[PDB]
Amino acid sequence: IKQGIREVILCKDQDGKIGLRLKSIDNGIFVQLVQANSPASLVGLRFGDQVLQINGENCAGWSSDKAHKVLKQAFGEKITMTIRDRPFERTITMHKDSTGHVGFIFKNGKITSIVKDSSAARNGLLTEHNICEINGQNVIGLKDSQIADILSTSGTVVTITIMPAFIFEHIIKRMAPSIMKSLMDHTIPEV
């Protein structure tokens, strides 16, 4: 999680899309969805990012409807956003044991117990937290088995980005669980 605010400059693709759904949370506006191979993914927008400004207008107190409406009426060529990086999330670094374990159990992407004497224990991994990313790859909507796969195939250092479940459940409300699987950008980012 970066250490403050950043400007991103966006360009609507040939279809007039940027690849973003936005959600109103606590009178802010947050990224609910970044579509793979969209403008929003290329400029590096992430699930859980806060949008402070759009073309230098403040998002404070906007409905999710009005943020979507504002995006629809921009002059395409150039859209500026002011982003606060994943404010509801934290990142935790862990080291696998010789058995290739970090030392937790999860269900539907939600950590449910921490294994005693593990790197997860030693690093204060919390339960009731949804897994948002692993080694910087978004894993939201993947099956549990595929998250377990990504962890199997990671090297011995594992970085997990987590979010309190209450907050996660409030952000994804009114997103189809199959759009989560289908269209949430799970790619490693491009250089």
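Residues carry their position along the shown sequence, with the first being 1.
Judged by mean Cα B factor in the deposited record, 150-158 ranks above the other of 150-158 and 121-129. On average the C-alpha atoms of 179-187 have higher B-factors than those of the other stretch, with 165-173 and 179-187 being the two compared.
In this entry, the residue among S145, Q50, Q32, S38 with the greatest C-alpha B factor is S145. The residue among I83, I111, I92, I79 whose C-alpha atom has the highest B-factor in the PDB entry is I79. When the modelled residues of the chain are ordered by their C-alpha B factor, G136 lands in the middle third. In the PDB entry, a CA B factor belonging to the highest third of its chain's modelled residues is recorded for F75. For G100, the recorded CA B-factor ranks within the highest third of the chain. Only modelled residues enter the ranking.
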